[PDB]
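Student: Mind having a look at this structure? Questions to follow.
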Amino acid sequence: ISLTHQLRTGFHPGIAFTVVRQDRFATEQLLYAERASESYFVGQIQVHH
Amino acid sequence: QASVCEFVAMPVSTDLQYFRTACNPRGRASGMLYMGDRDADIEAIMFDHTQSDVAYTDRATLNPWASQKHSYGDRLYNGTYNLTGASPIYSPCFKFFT
Amino acid sequence: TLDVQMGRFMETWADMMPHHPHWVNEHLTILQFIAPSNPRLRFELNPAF
Amino acid sequence: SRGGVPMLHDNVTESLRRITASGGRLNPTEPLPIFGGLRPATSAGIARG
């Protein structure tokens with residue numbers, strides 16, 4: 001309660017705070033890959049009606 | 001040609017970024033929300049209240065005394081009854097509050 | 001006549017309400033103009049009307 | 001957050017919640033629903049980020 005009173009009034013109680021805030025940024029990437037990076041296997045198509 | 005004013009005003013006070021960084025004349029970097037969630041909310045996104053600031057939520061609107069419906073310094077302005085009828089005006093603004 | 005003025009003007013100011021609410025604030029600094037704990041604005045928007 | 005040891009006088013806790021939701025944006029909605037996620041008063045149009 002006394003913190004409410006002081007922090008409102010303009011008083012500076014004998015503590016200090018460190019803030020932390022998380023942010024996002026949109027970035028375009030850059031990828032490189034060698035020749036035989038993935039051995040890739042393909043099946044046979046099948047249809048459900 | 002009387003190259004002249006059309007008063008708005010922006011009472012008063014804070015620190016150093018909203019007349020020291022961004023800003024404009026009747027209040028907030030904003031946006032009434034166009035096409036999105038829906039278009040029969042412009043009485044608490046354009047008239048009543050629920051949350052914090054469409055731009056500057058560091059403190060609540062621009063100047064301590066005009067931020068709703070049918071009021072004065074802009075009572076200079078609105079336009080059904082006669083002041084698009086007797087002295088014709090684009091008026092300081094005729095699409096800033098309309 | 002002036003004294004039991006005392007007696008019938010405060011003892012109907014007898015039993016106290018449950019929050020005295022919207023006009024008699026007085027002590028903080030500034031941008032509590034700006035995030036209401038506290039009232040002073042819906043009897044506050046421009047004085048002249 | 002709900003679960004901590006509450007303060008003895010519920011009136012003090014209510015006034016603290018009022019003064020804490022004060023001065024700030026994100027606040028438990030006023031009815032304080034029991035059996036709820038306590039979502040902030042749902043936002044209108046959105047922000048700048």
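Order determines the names: the first chain of the structure tokens is A, the second B, and so forth; residues in each chain are numbered 1 upward, and ligands are numbered 1 upward as they are shown.
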Write out as JSON, numbers by chain the residues lying within 12 Å of residue 11 of chain A, counting only C-alpha atoms and excluding same-chain residues fewer than 5 positions away.

Tutor: {"A": [2, 3, 4, 5, 6], "C": [28, 29]}

Student: Give as a VMD selection string every residue of chain D that touches chain C within 7 Å, counting only C-alpha atoms.

Tutor: chain D and resid 18 to 19 22 to 24

Student: Store the residues picked out above, limited to N, CA, C and O atoms, as a PDB file, in the first residue's frame.

Tutor:
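Output (again.pdb):
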```pdb
ATOM      1  N   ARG D  18      -7.729  -2.239  -8.277  1.00  0.00           N
ATOM      2  CA  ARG D  18      -8.175  -1.034  -8.963  1.00  0.00           C
ATOM      3  C   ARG D  18      -7.008  -0.099  -9.249  1.00  0.00           C
ATOM      4  O   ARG D  18      -6.916   0.468 -10.342  1.00  0.00           O
ATOM      5  N   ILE D  19      -6.095   0.063  -8.289  1.00  0.00           N
ATOM      6  CA  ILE D  19      -4.994   1.005  -8.478  1.00  0.00           C
ATOM      7  C   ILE D  19      -3.913   0.397  -9.368  1.00  0.00           C
ATOM      8  O   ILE D  19      -3.082   1.109  -9.940  1.00  0.00           O
ATOM      9  N   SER D  22      -5.131   0.488 -12.772  1.00  0.00           N
ATOM     10  CA  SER D  22      -4.926   1.898 -13.003  1.00  0.00           C
ATOM     11  C   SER D  22      -3.566   2.146 -13.627  1.00  0.00           C
ATOM     12  O   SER D  22      -2.658   1.319 -13.520  1.00  0.00           O
ATOM     13  N   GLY D  23      -3.415   3.298 -14.263  1.00  0.00           N
ATOM     14  CA  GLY D  23      -2.105   3.662 -14.749  1.00  0.00           C
ATOM     15  C   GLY D  23      -1.553   2.755 -15.809  1.00  0.00           C
ATOM     16  O   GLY D  23      -0.382   2.881 -16.175  1.00  0.00           O
ATOM     17  N   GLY D  24      -2.362   1.849 -16.324  1.00  0.00           N
ATOM     18  CA  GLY D  24      -1.864   0.814 -17.201  1.00  0.00           C
ATOM     19  C   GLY D  24      -2.920   0.408 -18.199  1.00  0.00           C
ATOM     20  O   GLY D  24      -4.069   0.846 -18.143  1.00  0.00           O
TER      21      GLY D  24
END
```

Student: Show me which bits of chain B are within 8 Å of chain D, counting only C-alpha atoms, as a ChimeraX atom specification.

Tutor: /B:30-33,44-45,50-55

Student: Just list the residues in chain C DSSP gives helix (DSSP H, G or I) on the backbone, as a list in words.

Tutor: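 In chain C, DSSP puts these residues in helix (DSSP H, G or I): residues 5, 6, 7, 8, 9 and 10 of chain C.
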
Student: Determine, using only C-alpha atoms, which residues of chain D have any atom at most 9 Å from an atom of chain A, and tabulate each with its shortest atom pair and distance in Å to one decimal place, rows ordered by chain and then rising number, as a tab-separated table.

Tutor:
```
residue	atom	partner	partner_atom	distance
D:12	CA	A:1	CA	8.6
D:16	CA	A:1	CA	7.5
D:19	CA	A:4	CA	7.7
D:20	CA	A:4	CA	8.5
```

Student: Just N, CA and C atoms for this one: save the residues we selected as a PDB file, in the first residue's frame.

Tutor:
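Saved the output as selection.pdb:
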```pdb
ATOM      1  N   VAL D  12      -8.909  -4.437   0.740  1.00  0.00           N
ATOM      2  CA  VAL D  12      -7.594  -3.929   0.360  1.00  0.00           C
ATOM      3  C   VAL D  12      -7.159  -4.530  -0.965  1.00  0.00           C
ATOM      4  N   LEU D  16      -6.296  -2.461  -4.280  1.00  0.00           N
ATOM      5  CA  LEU D  16      -5.023  -2.661  -4.960  1.00  0.00           C
ATOM      6  C   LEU D  16      -5.221  -3.034  -6.416  1.00  0.00           C
ATOM      7  N   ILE D  19      -6.095   0.063  -8.289  1.00  0.00           N
ATOM      8  CA  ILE D  19      -4.994   1.005  -8.478  1.00  0.00           C
ATOM      9  C   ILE D  19      -3.913   0.397  -9.368  1.00  0.00           C
ATOM     10  N   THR D  20      -3.905  -0.926  -9.503  1.00  0.00           N
ATOM     11  CA  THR D  20      -2.913  -1.561 -10.357  1.00  0.00           C
ATOM     12  C   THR D  20      -3.374  -1.589 -11.801  1.00  0.00           C
TER      13      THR D  20
END
```

Student: Could you tell me how far atom CA of residue 39 of chain D lies from atom CA of residue 34 of chain B, in Å and to one decimal?

Tutor: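 For atom CA of residue 39 of chain D relative to atom CA of residue 34 of chain B, the distance reads 25.1 Å.
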
Student: Quick one: residues within 9 Å of segment 61-78 of chain B, only C-alpha atoms counted, chain neighbours fewer than 2 positions away excluded, as a PyMOL selection string?

Tutor: (chain B and resi 7-13+25-28+43+46-48+53+56-57+59+80-81+83-84+91-94+97-98) or (chain C and resi 33-34+41+44-49)

Student: Can you work out the spacing between atom CA of residue 36 of chain B and atom CA of residue 26 of chain A in Å, to one decimal?

Tutor: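 Computing it gives 22.3 Å between the two atoms.
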
Student: Choose the residue, out of C:10, C:30, C:21, C:39, that has the smallest atom-to-atom separation from chain B; count only C-alpha atoms.

Tutor: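 Nearest to chain B: C:30.
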
Student: Quick check, in Å to one decimal: how far apart do atom CA of residue 10 of chain D and atom CA of residue 36 of chain D lie?

Tutor: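 For atom CA of residue 10 of chain D relative to atom CA of residue 36 of chain D, the distance reads 19.7 Å.
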